[PDB]
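A.B. asks: Structure incoming, see below.
Only the coordinates and a few stated rules stand behind these numbers; no lab work does. For neighbour counting, all protein chains shown are included, and Cβ atoms are generated from backbone atoms with ideal geometry for every residue, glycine included.
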Amino acid sequence: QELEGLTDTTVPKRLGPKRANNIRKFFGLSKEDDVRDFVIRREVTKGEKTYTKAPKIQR
Amino acid sequence: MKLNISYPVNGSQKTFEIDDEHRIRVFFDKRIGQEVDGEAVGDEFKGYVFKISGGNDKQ
Amino acid sequence: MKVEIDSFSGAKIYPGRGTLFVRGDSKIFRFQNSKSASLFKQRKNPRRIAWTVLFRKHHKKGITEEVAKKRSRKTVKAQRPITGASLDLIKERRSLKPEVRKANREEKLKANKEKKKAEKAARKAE
RNA sequence: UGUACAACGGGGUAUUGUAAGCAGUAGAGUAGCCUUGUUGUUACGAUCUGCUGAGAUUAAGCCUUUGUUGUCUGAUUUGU
RNA sequence: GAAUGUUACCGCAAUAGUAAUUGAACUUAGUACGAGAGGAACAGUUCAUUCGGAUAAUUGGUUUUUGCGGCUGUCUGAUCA
RNA sequence: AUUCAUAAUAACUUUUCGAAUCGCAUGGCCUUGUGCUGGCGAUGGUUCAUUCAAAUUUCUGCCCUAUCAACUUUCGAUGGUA
RNA sequence: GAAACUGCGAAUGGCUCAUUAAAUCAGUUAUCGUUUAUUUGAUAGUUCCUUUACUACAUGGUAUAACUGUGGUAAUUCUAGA
């Protein structure tokens, strides 16, 4: 059986990688695969305007 | 008592009140780290297997 | 009626059987019998006495309860909604690992834009 | 001459507190051997562990007993 | 414990003796009464005191169970016992 | 004044340090590759010296009392050796 | 630019004067008998370990907070799980 508050429902991870290689294998890409382009952004909406808040990369 | 439980897979977590002393004697005299089957405590938890992570007692 | 253990010896103490001893440190002890109690008055060691449960324990006799805490073998295999990922888009990006030629093309276009910018820099300086 | 009795035994139950013997890379340390050690070994060594809740005892006023072994016709006395 | 026919089993009761006693707590009741200060009673419940008669599950005591184990001294060649 | 400062061989070390850090700037050489080079700083790092100190420590000095004249040394009192 | 981590400081300062009579303390000395974060000045070409494939060196890996939401406590600058 599937329990609703736990099993049927699911939830997000609030964040993803901030590290180069973390990204790199979070998608299993390469030594070269433009991790910048494989970035995850978060979009929010201050007003009419929105923006993607791409964090950073370290190392 | 009550049971706060989590499903890492979905990543969810919910609390459940419980009575039936003779559902919870299943749990009685057990460690934090052991596993028990759930229809013993609620047929809603049939086939499921919980594990324990600790808790917070009276006082 | 409740059933207890011998503060010395480790036995179930059925009602009105055995005795109790108290100690001005508020502490309580129970005894099945005068034997254990007398050892107590003799301020003795229930871990050097043999026939106690405590000794059968601290010397590991009849220890048939605890077996092993197993260490599992399992992977993640739970692609979570990363909160900026769009799990369909997540699988799309996970499968788009090849075709680094698009990356190379963007990089050459950026080489061109950077050359143009440095040229504009030298010109604005001059 | 029998769900008879008895002694032995067996089991249970209760009490002690882990038997003698055998082993041990345990052992405070010590002397000796040479193959010298590459834990070198031989030997002295209270004690410690394992075989061991072990062995020992248990009715003499405890229970039981499908076992074993036997026992069961002596004496006297009494009458409306 | 002889004798009453024997012997056995069940049994009546002349008689004689006799034994239970005492207090507190709660309620009543801060009531009755009284100016007030103060301050009750029977019923009822729970416990106890003294005495008595029985028992000994458990607690405790007692141990020649010389049952178990332990210690010294000495004898058994040693050990074992 | 030193067995010193330092050096030097043999070895040792559960192996220490020897920069995966960051801002600002953007420059120069070209065989134009995101090629090679390059500055002003900020941090942190082994050791030596320094400095802010610290620890010990030398000599000399302190009130009333003898109705306290002997004291310390068991278990450190003194010294020596390891 | 909140919160948290990390780095630091929190041993200063301040107050008071109980104890303490060669003990603090003054003044004087030594550290050839030592510690020194720190400021300050100088200071690491050798370190790829069968160091000819072992290889990331345009640079390596794992946690974990803050946060998410789930909870206990009568209560504390309590806290757990996920």
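A.B. asks: Go ahead and estimate [θ] at 222 nm for the protein assembly as shown from helices alone: -39,500 (n - 2.57) per DSSP H run with n ≥ 4, summed, over the residue count, rounded to 500. Walk me through the numbers on the way to the answer.
C.D. replies: Values: 6 runs with 59 residues, N = 244.
After summing the helix terms and dividing by residue count, I get -7000 deg cm²/dmol.
A.B. asks: Can you give the average number of partner chain beta-carbon atoms within 10 Å of each beta-carbon in peptide B:35-48, as a whole number?
C.D. replies: Going residue by residue through B:35-48 and averaging, the value is 1.
A.B. asks: Taking every residue in A:26-32, how many Cβ atoms of other protein chains lie within 10 Å of its Cβ, on average?
C.D. replies: Numbers: counts 6, 7, 3, 7, 4, 0, 3.
The shielding value for this peptide is 4.
A.B. asks: Now a separate question. May I ask for the net charge around C:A121, where only other residues with Cβ less than 12 Å from the Cβ of C:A121 are counted and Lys, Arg are +1 while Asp, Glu are -1? Don't jump to the answer; show the numbers that get you there.
C.D. replies: Values: positive: C:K115, C:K116, C:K117, C:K120, C:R123, C:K124; negative: C:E114, C:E119, C:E126.
My count for the surroundings of C:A121 gives +3.
A.B. asks: Taking the inverse of the average 1/r across all pairs of different Cα atoms in chain B, what Kirkwood radius in Å do you get?
C.D. replies: Numbers: mean 1/r = 0.0816 Å⁻¹.
Final number for the Kirkwood radius of chain B is 12.3 Å.
A.B. asks: Mind jotting down the distance between the C-alpha centroids of region C:1-31 and region B:3-44, whole Å?
C.D. replies: Rounded to whole Å, the Cα centres lie 34 Å apart.
A.B. asks: For peptide C:74-87, what's the mean number of Cβ atoms from other chains within 10 Å of each residue's Cβ? Walk me through the numbers on the way to the answer.
C.D. replies: Working: counts 0, 0, 2, 1, 6, 2, 10, 7, 9, 8, 14, 7, 1, 1.
Other-chain Cβ atoms within 10 Å of each residue's Cβ, averaged: 5.
A.B. asks: Which distance in Å, rounded to a whole number, links the C-alpha centroids of chain A and region C:92-107?
C.D. replies: Cα centres, chain A to region C:92-107: 18 Å.
A.B. asks: Using a Cα-Cα cut-off of under 21 Å, which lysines could be cross-linked to C:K12, ignoring same-chain neighbours fewer than 8 residues away?
C.D. replies: Cα-Cα hits under 21 Å: B:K30, C:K2, C:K27, C:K35, C:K41, C:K44, C:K57, C:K60, C:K61.
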